[PDB]
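Engineer: Quick one, fold the following:
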Amino acid sequence: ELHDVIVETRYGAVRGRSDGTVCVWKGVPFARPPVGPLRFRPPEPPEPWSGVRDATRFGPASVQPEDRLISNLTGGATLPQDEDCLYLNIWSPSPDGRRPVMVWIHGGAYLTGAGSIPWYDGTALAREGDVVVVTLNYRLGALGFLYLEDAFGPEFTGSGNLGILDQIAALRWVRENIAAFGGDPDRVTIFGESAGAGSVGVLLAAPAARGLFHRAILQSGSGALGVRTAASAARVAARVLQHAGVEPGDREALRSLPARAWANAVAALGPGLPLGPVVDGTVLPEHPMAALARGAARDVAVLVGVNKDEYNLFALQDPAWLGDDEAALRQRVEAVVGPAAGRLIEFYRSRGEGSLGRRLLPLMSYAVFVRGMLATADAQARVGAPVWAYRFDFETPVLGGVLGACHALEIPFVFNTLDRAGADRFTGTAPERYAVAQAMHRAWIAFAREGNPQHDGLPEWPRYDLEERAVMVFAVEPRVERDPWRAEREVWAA
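Structural biologist: Numbering: from 1, shown residues only. There you are, the coordinates:
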């Protein structure tokens, strides 16, 4: 019973599709295309249009490398891509209403991903929760995060945070236009995973983002993840420019270079997280963790968590983690934790069972993910902001169970997109999957609607506090566990 549904935005009318249970608008522009003079420059509001704009099709993704690690396990194709990528997608029960709004920032290391990916489909959230869901694209890679302040001067001030500024523009668009799609502009929750959660953590710090959301969910990511000093960022940028072949100060070459060549130059630097939001002193005045300590988000309610076996995802690329090679493992640990590596290795090697890599995978999970989660939770608890903590323990059985509860596994559970294409390849085909997704899905709904994640499906979920450190565990049997990271937190402090 699918029918076109037209809604009018400040810029113009948009044509979307509805079965009547739910409506969707795809490829709605929240900014003018960041091309030519707008390339490497802050996002600009879209030009108004006459006529009814088609919102039946997704916008192109930002230019990106293949980053096929998830894709090799999944069946996913390369994303259709263009420098003109600034589009958002809206799911709503109805254009009439003032519903709670959930705004999603995708992950992928500030280099890959898109709002258009099917696992981020908002239909189920909207239907079950009576909420409006928004997914968005932001500039990725060099075009989003290249710090050009030193190389090209003040005209490019803020260049390191362009992707963040895109996210802020989308949030501005929502404030202005969400009512037309049945959303409440005053009731907006931002949620992200990985680099998206890192993005959310930055937005809590950023003055430009203030007042644009009231609540935040950070999944497998935090303000600690990926944030760069201006100096570190300028060094990376020099390397990228070298690969690109653009001399510092050469404006014509900068605008002239094709977008794909920017992607290739970043790829040339090699694997890791070389690009990220920058403490530039404007968009980001301070480090996000410093802002949290200061009480910058004391009004904002936070749901924050991690998966039990985060780093195991990386084993798909690098199988040392499934092995017992000490020299190789030491190198990898040392890359992340530098001088502390030796002491921490001794603590983790003693704990657990199996291969050394299996025993060291928690140390990598803690350094990269758990530390940020806990610092976020602790800062909010100290300021007295409402905060809830979770650990997702449901394991995928795929590839002999070696992934466990790996990074990104929670995403279909939160969105209830388990049946969507490629998800089952990641999550396995177990029937217990659906029950776990329901409890998580409904908690995300509940948080956005009332600022409390508790629902009847769950056991009682206490706010996270320094004394008890209560953490909800999503598992076949959901439970609250108190101070689960205690042993680790003490040893890391030692």
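Engineer: residues touching residue 425, list them.
Structural biologist: Listed by C-beta atoms under 8 Å, 6 or more residues apart in numbering, the contact set of residue 425 reads 73, 74, 75, 398. For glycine as for every other residue, the C-beta is placed from the backbone atoms N, C-alpha and C.
Engineer: Rebuild the residues you listed as TSV, extending it with distance to residue 365 and secondary structure.
Structural biologist: Shown next, in TSV, are the contacts of residue 425 (distance: C-beta to C-beta, whole Å; DSSP: H, G, I helix; E, B strand; the rest coil):
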residue	distance to residue 365	secondary structure
73	19	helix
74	22	coil
75	27	coil
398	19	helix
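Engineer: Let me see the backbone angles for residue 185.
Structural biologist: Taking degrees, to the nearest 10, you get phi -60, psi -30 for the backbone angles of residue 185.
Engineer: Over to residue 265?
Structural biologist: Per degrees, to the nearest 10, the backbone of residue 265 is at phi -60, psi -40.
Engineer: How many neighbouring residues does it have?
Structural biologist: Neighbour count of residue 265, defined by other C-beta atoms under 10 Å: 21.
Engineer: Provide the secondary structure category for the residue nearest to it when sequence neighbours are not counted.
Structural biologist: Once flanking residues are discounted, residue 265 sits nearest to residue 243: 3.8 Å by C-beta to C-beta, 6 or more residues apart in numbering. Classification of residue 243 by DSSP: H, G, I helix; E, B strand; the rest coil places it in helix.
Engineer: dump the residue contacts of residue 243.
Structural biologist: Counting by C-beta under 8 Å, 6+ apart, residue 243 has contacts 264, 265, 266, 268, 269.
Engineer: Run the chain-centre distance for the helix or strand where residue 90 lies.
Structural biologist: Counting by DSSP states H and E, the element that carries residue 90 is strand 87-92. Its chain's average C-alpha position is 17 Å from that of strand 87-92, according to C-alpha atoms, centre = their mean, to the nearest Å.
Engineer: Name the strands paired with it and say parallel or antiparallel.
Structural biologist: strand 23-29 (antiparallel), strand 132-136 (antiparallel) (DSSP bridges).
Engineer: Make a markdown table out of those strands and add distance to residue 274.
Structural biologist: Formatted as a markdown table, the strands paired with strand 87-92 follow (distance: least, C-beta to C-beta, whole Å):
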| stretch | distance to residue 274 |
| --- | --- |
| strand 23-29 | 29 |
| strand 132-136 | 23 |
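Engineer: Check those for me and report the most buried one.
Structural biologist: Among the strands paired with strand 87-92, strand 132-136 has the highest mean neighbour count (mean count of other C-beta atoms under 10 Å), at a mean of 28.
Engineer: Now the element after the strand or helix carrying residue 234, going C-ward?
Structural biologist: Secondary structure assignment for residue 234, by DSSP H and E: helix 230-244. Per DSSP H and E, the first helix or strand lying C-terminal to helix 230-244 is helix 251-256.
Engineer: hmm, back to that, in TSV: the contacts of residue 243, plus secondary structure and distance to residue 251.
Structural biologist: Listed next are the contacts of residue 243 as TSV, based on DSSP: H, G, I helix; E, B strand; the rest coil; distance: C-beta to C-beta, whole Å:
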residue	secondary structure	distance to residue 251
264	helix	21
265	helix	17
266	helix	20
268	helix	22
269	helix	23
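Engineer: Let's have those residues in CSV, adding distance to residue 107.
Structural biologist: Output for the contacts of residue 243, formatted as CSV (distance: C-beta to C-beta, whole Å):
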residue, distance to residue 107
264, 22
265, 22
266, 17
268, 23
269, 20
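Engineer: are any of these buried, and which?
Structural biologist: By neighbour count, with 16 or more other C-beta atoms under 10 Å, those hold 265, 266 as buried.
Engineer: related to what we said a few turns ago, between the contacts of residue 425, which is closest to residue 208?
Structural biologist: residue 74 (35.2 Å; C-beta to C-beta).
Engineer: ok now do the closest residue to residue 298 other than its chain neighbours, which residues does it touch?
Structural biologist: Spatial nearest neighbour of residue 298, chain neighbours left out: residue 383 (4.1 Å); criterion: C-beta to C-beta, 6+ apart. Taking C-beta under 8 Å, 6+ apart, we find residue 383 in contact with 292, 295, 297, 298.
Engineer: distance of the second one from residue 117?
Structural biologist: Spelled out, it's residue 295. Look at residue 295 and residue 117: by C-beta to C-beta, to the nearest Å, they are 35 Å apart.
Engineer: Could you do the last one as well?
Structural biologist: For residue 298, the distance to residue 117 equals 33 Å [C-beta to C-beta].
Engineer: what about these two, which has more around it?
Structural biologist: For residue 298 versus residue 117, neighbours defined as other C-beta under 10 Å are more numerous around residue 117 (20 against 13).
Engineer: What number of residues are in the vicinity of the closest residue to the more buried one other than its chain neighbours?
Structural biologist: Spatial nearest neighbour of residue 117, excluding adjacent residues (C-beta to C-beta, 6+ apart): residue 106 at 6.8 Å. The tally of other residues near residue 106 (other C-beta under 10 Å) stands at 25.
Engineer: ok now do residue 106, which residues does it touch?
Structural biologist: Neighbour list for residue 106: 113, 114, 115, 117, 120, 135, 136, 137, 192, 193, 195, 196 [criterion: C-beta under 8 Å, 6+ apart].
Engineer: Inside strands: which ones of those residues?
Structural biologist: Among the contacts of residue 106, DSSP state E puts 135, 136, 192, 193 in strands.
Engineer: could I get those as CSV with distance to residue 457?
Structural biologist: Formatted as CSV, the ones in strands among the contacts of residue 106 follow (distance: C-beta to C-beta, whole Å):
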residue, distance to residue 457
135, 25
136, 29
192, 24
193, 22
